[PDB]
Amino acid sequence: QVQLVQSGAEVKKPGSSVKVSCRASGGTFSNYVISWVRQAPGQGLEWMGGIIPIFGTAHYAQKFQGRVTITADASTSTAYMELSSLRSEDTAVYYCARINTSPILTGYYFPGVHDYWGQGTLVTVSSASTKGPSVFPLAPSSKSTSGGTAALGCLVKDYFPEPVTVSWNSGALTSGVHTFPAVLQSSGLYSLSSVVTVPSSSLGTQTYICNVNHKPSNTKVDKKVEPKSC
Amino acid sequence: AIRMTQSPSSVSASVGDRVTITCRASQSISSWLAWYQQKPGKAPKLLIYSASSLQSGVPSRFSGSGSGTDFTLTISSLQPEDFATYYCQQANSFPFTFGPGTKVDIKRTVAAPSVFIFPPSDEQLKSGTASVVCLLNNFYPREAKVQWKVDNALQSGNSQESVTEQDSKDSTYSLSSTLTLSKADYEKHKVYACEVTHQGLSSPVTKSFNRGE
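Cut-off values and rules
Residues numbered from 1 in each chain as written, not as in the entry; some residues may be left out. Chains lettered and ligands numbered in written order. Heavy atoms only, no water. Helix = DSSP H or I, 4+ residues; strand = E, 2+ residues; numbered from the N terminus. Rg over C-alpha atoms; globule rule 2.2 N^0.38 Å. Buried < 20%, exposed > 50% of the residue type's maximum accessible area, 1.4 Å probe, protein only. Contact = heavy atoms within 4.5 Å. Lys, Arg positive; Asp, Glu negative; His and termini not counted. Charge placed at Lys NZ, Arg CZ, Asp CG, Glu CD. Core = buried A, V, L, I, M, F, W, Y, C linked by side-chain atoms within 4.5 Å. Buried area = accessible area lost by both parts, 1.4 Å probe. Salt bridge = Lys/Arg side-chain N within 4 Å of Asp/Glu carboxyl O. Polar contact = N/O pair within 3.5 Å; in protein donor to acceptor, adjacent residues only side chain to side chain. Domains from an automatic or database assignment. Pairing = 2+ DSSP bridges. Axes fitted to C-alpha atoms, helices over the stretch in contact; angles between N-to-C directions.

Within the PDB entry, the label attached to chain B reads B2 Fab fragment - Light chain, and the organism entered is Homo sapiens. Here the entry title, as the record gives it, is "Crystal structure of the RA-associated mAb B2 (Fab fragment)".

Under the PDB entry, the name given to chain A is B2 Fab fragment - heavy chain, and the organism recorded is Homo sapiens.

Shown next, in the form of structure tokens:
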């Protein structure tokens, strides 16, 4: 029975508001508190507030009071969380979760054990608009070889939003590939590298191509990676 | 107001090991303490509530103890599915607060990074920016330090890095560090150096090139 199904990922501008839904199974809605907890990328967990859906009673963490509104609707078995005046700071996965006060019979909030969680809803806050990547070679050289093997790659720069996908030689090359997590630059655009190690002898005969797709902008770049004089 | 702390920040263990993590509250919370497991890309899952009560369906190799301010999570015989981040949460009072997490990763023998360097492409330079990349490949443990040097002058604030998840085959990490300058600055200096510090190296290793070769 128990299910907390959240709405899809959101991309918002600074100053706007976002409203996330958490659709619940009937028994969960009727008997328990629904709590909201967020997690910024690479970070810990932060309580925002919770609601008693059958009454609509809401308590908020002090930090979010004035910006957060939690609501519930019985005719849809759903709880909503609205966060206003968004900033880049608010970029996070937003979780709903059920509080279960066992072993205590009386009361809704305490102890605040979050026993089931929704899948999360990613909210990304940025002034950037949709934009495909520029793809640069990371050229193999005598400064990218160890023993009989050479490292080479592609720098996938200045795109928004996540994600991009990178393959090598149209998928025929998987072994020794490391596609790194994207970093958010100070410009609001993401940037990522993908590297692969190969046998150095092959660099005479074997061409290496990275294949970079960014679905949001309908862009694809194939970049031939060529040795450098370094 | 109730601050939660955890130690260690990370642990390396092998399948079959006993692993103990500690959590501490800044004031007493009786036994109103929960533990959660989280894996990458996934929601937290409840393991322990009331400090020591095992959540239904959770394997009995997980167990908790403690009351007041000091608490322990123990995994008695670790399995491959237990490599994850563990968080504590005080359930005593508003605002509910979580500890910062303890990551349990896979132990293997020490492996020094192979260190490679990549100058910026011809293409990028025309467009007015220069990205220099330093790759630290297949190392263990996770802990590592990169420093960028340009004509031997140390750099700060103009570089970014990320790290892959522990490799499922060889249990290593790789790390990418990017140094970003304008074309104007990049063409003022000659020698671009990545200096890497890590347990597996007996002293810090430098890889570099001369601009225009």
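**Q** Any chance you could explain the overall build of chain B here in plain terms?
**A** Secondary structure assignment for chain B yields two helices and 19 strands. At 22 Å, chain B has a C-alpha radius of gyration far larger than the 17 Å of a compact globule built from 213 residues. Along the first, second and third principal axes, the C-alpha atoms of chain B reach 65 × 40 × 30 Å. Burial analysis of chain B (213 residues in total) assigns 47% to the buried set. Residue pairs at least 24 apart in sequence account for 58% of intrachain contacts in chain B once pairs closer than 6 positions are excluded. Both charge centroids of chain B, one from 20 positive and one from 17 negative side chains, sit 3 Å from each other.

**Q** Teacher, can you tell me more about the nonpolar core here?
**A** For soluble globular proteins, the rule of thumb is that nonpolar side chains tend to be buried together. The biggest cluster of nonpolar side chains holds 41 residues, and the ones touching the most others in it are A:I34, A:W36, A:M48, A:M81 and A:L83. With six residues, strand β9 (residues 92-100) of chain A is the single largest residue contributor to this core. Among residues more than four places away in sequence, those in contact with A:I34 are A:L4, A:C22, A:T28, A:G50, A:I51, A:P53, A:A79, A:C96, A:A97 and A:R98. Listed in part, the 25 residues of the second largest apolar core include B:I2, B:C23, B:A25 and B:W35.

**Q** Can you help me understand the interface of chain B and chain A in this one?
**A** Taken together, the contact pairs 44 residues of chain B with 50 residues of chain A. Of the roughly 4,000 Å² buried where chain B meets chain A, counting both sides, 68% is carbon and sulfur surface. Of all residues in chain B, B:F94, B:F96 and B:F118 bury the most surface against chain A, accounting for 15% of the area lost on that side. Remark: the boundary between chain B and chain A carries two salt bridges. At the boundary of chain B with chain A, the tally comes to 16 residue pairs in polar contact.

**Q** Even after reading the chapter, I still don't get the environment of A:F64, so can you show me in this structure?
**A** Looking at the element boundaries, A:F64 is found in the loop between β6 (57-60) and β7 (68-73). As for A:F64 and A:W47, which are separated by 17 residues in sequence, their C-alpha atoms are 9.3 Å apart.

**Q** Can you walk me through the domain arrangement of chain B in this structure?
**A** Frequently, the measure chosen for interface size is the accessible area removed from exposure when the parts meet. All names here are of chain B. Taken domain by domain, chain B holds domain 1 (1-107) and domain 2 (108-213). The distance between the C-alpha centroids of domain 1 and domain 2 comes to 35 Å. For the pair domain 1 and domain 2, the summed buried area comes to about 550 Å², and 34% of that belongs to carbon and sulfur atoms. Our count for the contact surface shared by domain 1 and domain 2 stands at one salt bridge.

**Q** Please explain the pattern of salt bridges as it appears in this structure.
**A** Taken as a whole, this structure holds 14 salt bridges over all chains when the rule is applied. Between B:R24 and B:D70 there is a salt bridge; the shortest N-O distance is 3.7 Å. Taken together, the residues span a long stretch of sequence, with B:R24 in strand β3 (residues 19-25) and B:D70 in strand β8 (residues 70-75) at a distance of 46 residues. Since its relative accessible area comes to 40%, B:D70 is described here as partly exposed. The salt bridge involving B:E195 is made with B:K149; its shortest N-O contact spans 2.8 Å. In this pair, B:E195 is assigned in strand β18 (residues 191-197) and B:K149 in strand β14 (residues 145-150), connecting sequence segments 46 residues apart. With respect to class, B:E195 is no different from B:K149; both count as buried. A single salt-bridge network, built from bridges that share partners, covers A:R38, A:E46, A:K63, A:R67 and A:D90.

**Q** Would you mind going over unusual backbone geometry with me for this structure?
**A** Outside of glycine, negative phi angles account for most residues, and trans bonds account for most peptide bonds. Following A:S102, the chain continues into A:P103 via a peptide bond in cis, with omega recorded as 10°. Mapped onto the elements of the fold, A:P103 is located in the loop between β9 and β10 (113-117). Cis geometry marks the peptide bond from B:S7 to B:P8; its omega dihedral reads -5°. Tracing the backbone shows B:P8 in the loop between β1 (4-7) and β2 (10-13).

**Q** Honestly, the sheet that holds strand β20 (residues 219-225) of chain A in this entry has me stumped. Any pointers?
**A** In a beta sheet, neighbouring strands pair by backbone hydrogen bonds and run either parallel or antiparallel. Residue and element names in this part refer to chain A. Spatially, the three strands line up as an open sheet ordered β15-β19-β20, and their pairing is antiparallel. The sheet is open, and its two edges are formed by β15 (165-168) and β20, each paired on a single side. Averaged over all adjacent pairs, the angle separating strand axes in this sheet is 20°, with direction ignored. Inspection of the sheet shows strand β19 (residues 208-214) paired to β20 by seven bridges, in the antiparallel sense. Residue pairing for β20: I209 is matched across the bridge by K224.

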